[PDB]
Amino acid sequence: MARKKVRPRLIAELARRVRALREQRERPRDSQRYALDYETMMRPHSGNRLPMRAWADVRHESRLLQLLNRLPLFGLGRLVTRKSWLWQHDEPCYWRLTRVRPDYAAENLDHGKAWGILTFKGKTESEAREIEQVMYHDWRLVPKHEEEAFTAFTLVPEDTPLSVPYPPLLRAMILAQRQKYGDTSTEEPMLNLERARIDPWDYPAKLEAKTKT
Amino acid sequence: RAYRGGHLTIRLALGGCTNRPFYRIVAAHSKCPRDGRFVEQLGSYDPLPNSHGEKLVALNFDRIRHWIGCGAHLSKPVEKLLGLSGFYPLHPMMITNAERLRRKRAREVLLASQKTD
Amino acid sequence: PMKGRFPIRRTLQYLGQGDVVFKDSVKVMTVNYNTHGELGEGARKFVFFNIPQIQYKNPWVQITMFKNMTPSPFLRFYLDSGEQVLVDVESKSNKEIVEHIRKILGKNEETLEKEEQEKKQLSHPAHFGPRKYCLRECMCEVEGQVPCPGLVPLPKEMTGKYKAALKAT
Amino acid sequence: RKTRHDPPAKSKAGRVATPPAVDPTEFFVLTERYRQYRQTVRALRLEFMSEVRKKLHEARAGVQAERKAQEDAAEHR
Amino acid sequence: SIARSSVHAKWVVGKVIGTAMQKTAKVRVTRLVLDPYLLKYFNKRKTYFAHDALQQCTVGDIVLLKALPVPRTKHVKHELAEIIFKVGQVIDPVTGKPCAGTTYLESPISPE
Amino acid sequence: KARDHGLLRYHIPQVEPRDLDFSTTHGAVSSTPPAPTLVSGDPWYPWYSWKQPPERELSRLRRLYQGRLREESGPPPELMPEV
Amino acid sequence: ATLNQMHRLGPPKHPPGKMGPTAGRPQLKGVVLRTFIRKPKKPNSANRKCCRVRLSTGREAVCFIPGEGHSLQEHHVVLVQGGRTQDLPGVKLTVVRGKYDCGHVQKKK
RNA sequence: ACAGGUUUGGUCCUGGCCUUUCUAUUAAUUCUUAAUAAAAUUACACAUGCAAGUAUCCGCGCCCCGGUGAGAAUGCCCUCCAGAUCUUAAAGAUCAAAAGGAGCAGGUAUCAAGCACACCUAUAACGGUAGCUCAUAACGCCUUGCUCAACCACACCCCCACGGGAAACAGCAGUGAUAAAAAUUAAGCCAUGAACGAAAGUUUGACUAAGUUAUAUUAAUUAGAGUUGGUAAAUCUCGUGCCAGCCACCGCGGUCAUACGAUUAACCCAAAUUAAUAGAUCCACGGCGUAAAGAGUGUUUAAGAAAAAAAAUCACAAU
Ligand SMILES: [K+]
Ligand SMILES: [K+]
Ligand SMILES: [Mg+2]
Ligand SMILES: [Mg+2]
Ligand SMILES: [Mg+2]
Ligand SMILES: [Mg+2]
Ligand SMILES: [Mg+2]
Ligand SMILES: [Mg+2]
Ligand SMILES: [Mg+2]
Ligand SMILES: [Mg+2]
Ligand SMILES: [Mg+2]
Ligand SMILES: [Mg+2]
Ligand SMILES: [Mg+2]
Ligand SMILES: [Mg+2]
Ligand SMILES: [Mg+2]
Ligand SMILES: [Mg+2]
Ligand SMILES: [Mg+2]
Ligand SMILES: [Mg+2]
Ligand SMILES: [Mg+2]
Ligand SMILES: [Mg+2]
Ligand SMILES: [Mg+2]
Ligand SMILES: [Mg+2]
Ligand SMILES: [Mg+2]
Ligand SMILES: [Mg+2]
Ligand SMILES: [Mg+2]
Ligand SMILES: [Mg+2]
Ligand SMILES: [Mg+2]
Ligand SMILES: [Mg+2]
Ligand SMILES: [Mg+2]
Ligand SMILES: [Mg+2]
Ligand SMILES: [Mg+2]
Ligand SMILES: [Mg+2]
Ligand SMILES: [Mg+2]
Ligand SMILES: [Mg+2]
Ligand SMILES: [Mg+2]
Ligand SMILES: [Mg+2]
Ligand SMILES: [Mg+2]
Ligand SMILES: [Mg+2]
Ligand SMILES: [Mg+2]
Ligand SMILES: [Mg+2]
Ligand SMILES: [Mg+2]
Ligand SMILES: [Mg+2]
Ligand SMILES: [Mg+2]
Ligand SMILES: [Mg+2]
């Protein structure tokens, strides 16, 4: 839509450039963004208070970079586990780090972004994914002599059914249509529960988006 | 109205006067008001029993599976409503509420009889 | 209508009783005719009578007149794909041209009746809402159901005022 | 409803959340029901998705569409 | 095969008004519009710009216009397609013979 | 009321039959074959019934939700008596 | 008026009404400025009890007091309607009895 | 409109104003109860409380709902639609920016000319042409939310908001000022809707169920208001004496008033009645010798008619 009296507003575009310029120049650093007071459980930067379900793990554990700084090359090729998987999953779950770049703002070097290779329930992916939920105070590091103990895995086949009956009313319509069209076979319809595999909710999602394929 | 985002959703829209509710099963953008503009009206759901003791429900089955096929989200009550009809399996929260009713009723029966004796 | 030679042709019924619907590919109709000679009687009467009917049924089709440019009256149709349809009228009467036009480019009777049949399903009888778009406005307008409390007051046991009183007591 | 730029309240500025209790036996069964229920609905959602593809494909390049296209073209000539 | 246009008029026929500008002819399109009160049709004149590459436009012609797939400016959205009736030089489309109004310039019944 | 009791005359238009074809063959009105889970009496889905979780899973949940735990309950009653 | 002329001029549309002495508002509140007596035009002769007030919009206009007898004094608050008195030219407002500082007519006692 | 009252000593004609019908707000007089719908002075300044959280930290959401009609002739319908989001087998769908136009779109021409408003080449420069909109209303000015499952716009002001003035309830309730305009500083997330979580679930002044008010409709438990010369249903006895006063239009009162004020009686509506202001509706498909109306005359441009027939004039005082 348009009219013959359109006025060329310029301040709106001017504000957009300056606002975009300011945020790029004043982008908060990871050290100051995630710094936390361990008594009030309050975030000085965002002003957010952590939920009570996460209070215990903060004071009784360390994040990824706290256990990764004291390594020669920031632990490239090392295996890193997480307390969340250890408590709920008997099968071993770990990350094989590929590269890691911490931020120099922190005086103790306790922050940064890291990548790695995912191993969930003994299933290994063939691509590198950026590590999600790094700042969480639940990570742990496995020893060198225990590396092969956790790496060893026993493959257990899945016993879930591959087909389930249709819901009752929807089952009737399937029978009704084929009977109407002449298909009088009395074979019970089934649903292929094979393309509907659901990853567990604790599985980390891809931080990077997906481009056109 | 032009919204930033939102997902297509099938939900219940309230109607009728006070003390006489009446829900219309409608499919509209999630960011629009409850009684606001909608894409297509599917059915109806009368919450009060009539003289025959029936709560009437209407569903546009061929259209309902069309919107679900194109990626429409369902709210809590419509899933329970569809589950009763048999189009969908019984919602897990529908069963658990049933089980809670039995246990509360079982406690109620025992509590009344314990006081009796 | 009082003014004009034939006031009947300026009423809504006359504009609506002409049944000539062009296909979706017809865009421009050019009509050339003469103001003199007995041969142009069919062309002149077609312009004076049928053209208002044709345009009313085809609001998006341009109709342009040209007088005394060609000795032989004719009609020219321009399609969407650049196709040109030339219709020659030199002795055909008013009625003949309309029948001739209806067959070369008009729509079939089965196509028109099925088009409006699919239009009926838009206003589905099973829906509720405003009177302008739906038949009923509420479920209380259906016999047997609980009526609107405005007409018939509801029993006290169902009113929320009584429900809240006992819960607090 | 509030906006992004208005300040929050003062009284409710200390609390964050208070999750309810968890029944161990009931929670596990409820979680198991959801895992199968979501799986079943997803298969139906994909089945309906394939139905829409079939309907749209037939409306575009179905056999009846070619008959209709040829019939009008033949009549026009 | 995406060569559509966003305008509501794909093909229009109008009379040439003037050819003052360079390789562009301003034409006047005429359409019938129903007056709501009198229920009678009157002509409504609108001006269109058409791009003429060969400079073939003379004032007084009747020209068919074809919608341009991409506008060349804020006003030129149509391209000339053919000269339906050259001014003063009108050939009857039926008999393919030169004519001047009602009288035939050349007799169609005289091949030789 | 009088017109409803026939005491007074009023116009009655002639009305065509509701349906075009009178067929009871379709499965919407005719009885459909019972489901294999219907004749057996088993619930339509395995998870509709109540199943006792393994004790290992119960211990894991108790550790995870320790402190805010609630009293657990057994299988629900099959039939609810009347007060 | 032939067909073409009727088409060009369009259908006749009734002009909107002109605002009255009360500027379209049903009732206005004013402050009494002066009380005087106005006389009608023949063949009706009398002494009509009028008053001059300034309305809430700031304009100053002449008003009329219906009924017999009044106790209105300068700098009193009254309410004015939009009626008109036929006998008195110019006067186009009437004080509504029974509001603010003017009461109803007093029965003879 | 089924029309009625009113020009004149009197008739006909032409032509205004007003009565009779329905809806809303305020005010006067009056008032018993219940239910439902609705709640409306003010884009003026605002005390206090509340209106966005959820969640094993990340993240997501945070005028979305809601509020208002200030602004703009804005617009309606319609073509195309990037981009954002959801679903997934990466091609389907929801919302749709910008841009565009078959047509439709308030008043005013005592606003008649606007003053760069066009186009070509190649470049995305330079160079070249001298054009574009407009009496079918350009360019101006004034008034204004709307064509309603809804849409367009604003979010203290400087059309915008880097900045500046300056320190924000046009979120619910409430207050000051102002206006003829007068709802509770209340309860709950039980339902539905929205946000977040895998999930039990949490928040939610949106909403649900209530509080308040003859503003409307219904039922019943409830009785007062207006009018009584004519149009227009209906009265007598006194007082007053062109005085006090009455009227929607015509009019009444100048010591024998069915018109003022009171009384008796009657009429008409009824928990309402009457008055006031807006709105619905209402002018010409009718007229131009005498009534408002054929412009002092002729030709031509825009534009429109032609359709059957037929038509270059002429002693005399044109210039
Ligand atoms: K009259
Ligand atoms: K709730
Ligand atoms: Mg947060
Ligand atoms: Mg309601
Ligand atoms: Mg009066
Ligand atoms: Mg008078
Ligand atoms: Mg008072
Ligand atoms: Mg008062
Ligand atoms: Mg006279
Ligand atoms: Mg007289
Ligand atoms: Mg009041
Ligand atoms: Mg009430
Ligand atoms: Mg989580
Ligand atoms: Mg709104
Ligand atoms: Mg206002
Ligand atoms: Mg305004
Ligand atoms: Mg303006
Ligand atoms: Mg758009
Ligand atoms: Mg797109
Ligand atoms: Mg897409
Ligand atoms: Mg002037
Ligand atoms: Mg602003
Ligand atoms: Mg605010
Ligand atoms: Mg408020
Ligand atoms: Mg404010
Ligand atoms: Mg106040
Ligand atoms: Mg009010
Ligand atoms: Mg008060
Ligand atoms: Mg109080
Ligand atoms: Mg509360
Ligand atoms: Mg609670
Ligand atoms: Mg809830
Ligand atoms: Mg969710
Ligand atoms: Mg209420
Ligand atoms: Mg009285
Ligand atoms: Mg009186
Ligand atoms: Mg006397
Ligand atoms: Mg009278
Ligand atoms: Mg009297
Ligand atoms: Mg005259
Ligand atoms: Mg005259
Ligand atoms: Mg003249
Ligand atoms: Mg003249
Ligand atoms: Mg001409």
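Thoughts on the overall build of chain D
When helices and strands are counted, chain D shows 2 helices and 0 strands. Taking 77 residues into account, the globule formula puts the C-alpha radius of gyration at 11 Å, and chain D, at 28 Å, lies well above it. Once the C-alpha set of chain D is aligned to its principal axes, its extents read approximately 80 × 45 × 10 Å. For chain D, the residues scored as buried account for 23% of the 77 residues in total. As displayed, chain D offers around 6200 Å² of accessible surface, 52% of which is attributable to carbon and sulfur atoms.

Details of a nonpolar patch on the surface
All names here are of chain A. Taken together, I11, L14 and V18 make up a surface patch of nonpolar side chains, about 280 Å² in accessible area. Considering the arrangement of structural elements, one finds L14 in helix α1 (residues 11-25). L14 gets classed as partly exposed once you look at its relative accessible area, which sits at 47%.

Details of the interface of chain F and chain A
Listed as interface residues are 12 residues of chain F and, on the opposing side, 16 residues of chain A. Carbon and sulfur atoms supply 58% of the area that chain F and chain A bury against each other, a total of about 1300 Å² over both sides. At the junction of chain F and chain A, the tally comes to 2 salt bridges. One salt bridge connects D90 of chain A with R56 of chain F, and the closest N-O pair in it is separated by 2.9 Å. Taken together, the connections running from chain F to chain A amount to 7 residue pairs in polar contact. The leading source of residues in the side of chain F that touches chain A is helix α2 (residues 55-64) of chain F, at 3 residues. Here the residues of the side of chain F that touches chain A sort into 6 nonpolar, 2 polar and 4 charged.

Here's the deal with the protein's contact with RNA strand H
Taken together, 170 residues surround RNA strand H, and among them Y136 of chain A, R1 of chain B, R42 of chain D, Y48 of chain E together with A1 of chain G come closest. Among the atoms of RNA strand H lying within 4 Å of the protein, the sugar-phosphate backbone contributes 63%. At a separation of 3.2 Å, a sugar or linking oxygen of RNA strand H approaches a polar backbone atom of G6 of chain B. Within the backbone of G82 of chain G, one N or O atom sits 3.0 Å away from a phosphate oxygen of RNA strand H. Looking at which element gives the most residues to the surface near RNA strand H, the answer is helix α1 (residues 24-61) of chain D, with 11 residues.

Let's talk about unusual backbone geometry
Following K42 of chain G, the chain continues into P43 of chain G via a peptide bond in cis, with omega recorded as 5 degrees. Positive phi, close to 55 degrees, is recorded for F74 of chain A, a residue that is not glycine. Inspection of the secondary structure assignment puts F74 of chain A in the loop between α3 (55-59) and β1 (79-82). In the Ramachandran plot, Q133 of chain A falls in the positive-phi region, its phi being about 65 degrees despite a non-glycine side chain. Assignment of secondary structure puts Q133 of chain A in the loop between β4 (123-130) and β5 (139-141).

Points about helix α2 (residues 76-85) of chain B
Every buried residue belonging to α2 of chain B is among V78, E79, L81, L82 and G83 of chain B, and all of these are buried. Residue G86 of chain B follows α2 of chain B closely and has a positive phi angle near 100 degrees.

What about the arrangement of the chains?
Among the 11 pairs of chains that make contact, the interface with the largest number of contacts is formed by chains C and E. A minimum C-alpha distance of 38 Å separates chain E and chain F, which share no contact. One finds no contact between chain D and chain G; the C-alpha atoms of the two approach each other to within 37 Å at their closest.

A short note on the packing of α1 of chain D against helix α2 (residues 63-76) of chain D
Residues and elements named next belong to chain D. In contact at an axis separation of 6 Å, α1 and α2 are set at 20 degrees when each is read in the N-to-C sense. Comparing the axis directions of α1 and α2 gives the class roughly parallel. Like other packed secondary-structure pairs, α1 and α2 cross with a definite hand, here right-handed. On the side of α1, the interface is formed by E58, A59, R60 and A61, while α2 contributes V63, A65 and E66. Of the residues that constitute the contact of α1 with α2, the class distribution is 4 nonpolar, no polar and 3 charged.

Some points on the nonpolar core
The biggest cluster of nonpolar side chains holds 33 residues, and the ones touching the most others in it are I10, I68, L74 and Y88 of chain B together with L44 and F48 of chain D. Going through the elements one at a time, β1 (8-13), β2 (24-29), α1 (61-69) and α2 of chain B together with α1 of chain D are the ones with two or more residues in this core. No other element matches α1 of chain D, which puts 5 residues into this core. Contact partners of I10 of chain B, with chain neighbours within four places excluded, come to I25, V26, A27, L42, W67, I68, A72, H73, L74, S75 and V78 of chain B. Core analysis: the next-biggest nonpolar cluster, separate from the first, contains 26 residues, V31, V61 and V87 of chain C together with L32 of chain E among them.

Structural notes on the pairing of strand β2 (residues 94-102) of chain A
Bridge count for β1 of chain A against β2 of chain A is 2 bridges, and the pairing is antiparallel. By the bridge assignment, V80 of chain A is partnered in β2 of chain A with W95 of chain A.

Brief notes about a positive patch on the surface
Taken together, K18, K41, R84 and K92 of chain G make up a surface patch of like positive charges. Along the chain, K41 of chain G turns up in the loop between β1 (28-38) and β2 (48-55).

Comments concerning the UniProt feature "binding site: Mg(2+) 1" (unreviewed entry) in chain G
Residues and elements named next belong to chain G. UniProt feature "binding site: Mg(2+) 1" (unreviewed entry): in the numbering of this structure it lies at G98. Structurally, the position occupied by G98 is in the segment after β4 (77-80). Not counting chain neighbours up to four residues away, the residues in contact with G98 comprise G103 and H104.

Brief notes about the UniProt feature "binding site: Mg(2+) 2" (unreviewed entry) in chain G
Residue and element names in this part refer to chain G. The sites that carry the UniProt feature "binding site: Mg(2+) 2" (unreviewed entry) are, in the present numbering, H104. Along the chain, the position of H104 falls in the segment after β4. Overall, the relative accessible area of 61% leaves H104 in the exposed class. Leaving out residues up to four positions away in the same chain, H104 has contacts with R97 and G98.

A look at the sheet that holds strand β3 (residues 60-64) of chain G
Pairing between the strands of a sheet comes from backbone hydrogen bonds, and it takes one of two forms, parallel or antiparallel. All names here are of chain G. If you trace the 4 strands from one edge of the open sheet to the other, you get β3-β2-β1-β4, paired in antiparallel fashion. One side of each edge strand has no neighbouring strand; the edge strands of this open sheet are β3 and β4. Recorded for the sheet is a direction-independent mean angle of 50 degrees between the axes of neighbouring strands. Taken together, the 5 bridges between β2 and β3 define a ladder with antiparallel strand orientation. Paired with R54 across the strands is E60, a residue of β3.

Cut-off values and rules
- Residues numbered from 1 in each chain as written, not as in the entry; some residues may be left out.
- Chains lettered and ligands numbered in written order.
- Part of a larger assembly, values for the part shown.
- Heavy atoms only, no water.
- Helix = DSSP H or I, 4+ residues; strand = E, 2+ residues; numbered from the N terminus.
- Rg over C-alpha atoms; globule rule 2.2 N^0.38 Å.
- Buried < 20%, exposed > 50% of the residue type's maximum accessible area, 1.4 Å probe, protein only.
- Areas by Shrake-Rupley, 256 points an atom, 1.4 Å probe, with all protein chains shown as cover.
- Patch = residues over 30% accessible without salt bridge, like charges linked within 9 Å, V, L, I, M, F, W, Y side chains within 5 Å.
- Salt bridge = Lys/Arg side-chain N within 4 Å of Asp/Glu carboxyl O.
- Contact = heavy atoms within 4.5 Å.
- Buried area = accessible area lost by both parts, 1.4 Å probe.
- Polar contact = N/O pair within 3.5 Å; in protein donor to acceptor, adjacent residues only side chain to side chain.
- Nonpolar A, V, L, I, M, F, W, Y, C, P; charged D, E, K, R; others polar.
- Near = heavy atom within 4 Å.
- Axes fitted to C-alpha atoms, helices over the stretch in contact; angles between N-to-C directions.
- Parallel < 35°, antiparallel > 145°, perpendicular 65-115°, else oblique.
- Left-handed = near helix turned anticlockwise from the far one by under 90°.
- Core = buried A, V, L, I, M, F, W, Y, C linked by side-chain atoms within 4.5 Å.
- Pairing = 2+ DSSP bridges.
- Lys, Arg positive; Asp, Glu negative; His and termini not counted.
- Charge placed at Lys NZ, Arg CZ, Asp CG, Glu CD.
- UniProt positions renumbered as here; feature names shortened; annotations may be inferred.

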